[PDB]
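# Working through the structure, step by step
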Amino acid sequence: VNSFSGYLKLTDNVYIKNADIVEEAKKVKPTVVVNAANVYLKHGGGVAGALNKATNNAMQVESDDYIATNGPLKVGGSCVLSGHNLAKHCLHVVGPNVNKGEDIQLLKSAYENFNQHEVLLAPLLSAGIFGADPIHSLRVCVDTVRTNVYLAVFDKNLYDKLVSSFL
Ligand SMILES: Cc1ccccc1C[C@H](CO)Nc1ncnc2[nH]ccc12
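So, how was this worked out
Residues numbered from 1 in each chain as written, not as in the entry; some residues may be left out. Heavy atoms only, no water. Helix = DSSP H or I, 4+ residues; strand = E, 2+ residues; numbered from the N terminus. Polar contact = N/O pair within 3.5 Å; in protein donor to acceptor, adjacent residues only side chain to side chain. Contact = heavy atoms within 4.5 Å. Salt bridge = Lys/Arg side-chain N within 4 Å of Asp/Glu carboxyl O. Buried < 20%, exposed > 50% of the residue type's maximum accessible area, 1.4 Å probe, protein only. Pairing = 2+ DSSP bridges. Right-handed = clockwise from strand over helix to strand, strands pointing away. Near = heavy atom within 4 Å. Areas by Shrake-Rupley, 256 points an atom, 1.4 Å probe, with all protein chains shown as cover.

For this deposited structure, the header cites X-ray crystallography as the method used and 1.0200 Å as the resolution.

Time to look at the side chain of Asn 13. Structurally, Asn 13 is set in the loop between β1 (8-9) and β2 (14-18). Within the structure, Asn 13 has its side chain in polar contact with the backbone oxygen of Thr 147 (distance 2.8 Å). Other than its neighbours up to four places away in sequence, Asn 13 contacts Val 145, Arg 146, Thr 147, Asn 148 and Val 149.

Per the stated rule, a full pass over the model turns up 5 salt bridges. Between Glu 24 and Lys 17 there is a salt bridge, and its shortest N-O distance comes to 2.8 Å. Residue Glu 24 shares its accessibility class with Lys 17, and that shared class is buried. The salt bridge involving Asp 143 is made with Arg 139; its shortest N-O contact spans 3.0 Å. Placement of the pair is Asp 143 and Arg 139 together in helix α5 (residues 134-144), with a separation of 4 residues, close to one helical turn. A relative accessible area of 31% means that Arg 139 is categorised as partly exposed.

What follows deals with the pairing of strand β6 (residues 119-122). Two faces, one strand: in a regular strand the side chains alternate between the faces of the sheet. Where β6 and strand β7 (residues 148-153) come together, 4 bridges link them in parallel fashion. Along β7, the bridge assignment pairs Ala 122 with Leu 151. Between the parallel pair β6 and β7, the chain is carried across by α5, and the sense of this crossover is right-handed.

Once that is clear, we can look at the site of the ligand. For the ligand, the set of nearby residues contains 15 residues, the closest of which are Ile 21, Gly 46, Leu 124, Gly 128 and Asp 155. At a separation of 2.9 Å, a nitrogen atom of the ligand approaches a polar backbone atom of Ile 21. The contact in question runs from an oxygen atom of the ligand to an N or O atom on the backbone of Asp 155, over 3.2 Å. In the complex, the protein chains occlude 89% of the 470 Å² of accessible area that the ligand would expose alone.

Spelled out as structure tokens, the structure:
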């Protein structure tokens, strides 16, 4: 039993809700919140910009030190950093950005990072400003993640379509 509330159950391990991931994180304080990161950990817009803003830019300061030490992530890769005031940890995961020409096949690799954590709050990877079809992102999620994932989806019109079209 966990404190996630109001989710629809898609599968044995995947749950989905129309919600602002920032507001959800502040309520649940999950062990792991997933960020929709880029390889530079430059948290400008979308989920990343919103999470970082909610940390008063502390996420960005920490991320800049991470990059200065380790260099960029890989597309499909991830790193674990602090969750600041939002969660214990933030798993920064880089899905492919279709608007940068990156290989959508990398989306499965991106979701595989979730399997290293027993429970996560997360957005749909590569959706939104990363340019991929969110229906496809949900499918890859369900077919790749085996741990317990609570998906937030901020956009209301997007949520209803994802539920109604789910196979
Ligand atoms: C995946 C992605 C990345 C970048 C931009 C937009 C999206 C699409 C999703 C679904 O709507 N966005 C969000 N999902 C949950 N919590 C959110 N909080 C603020 C935005 C937001």
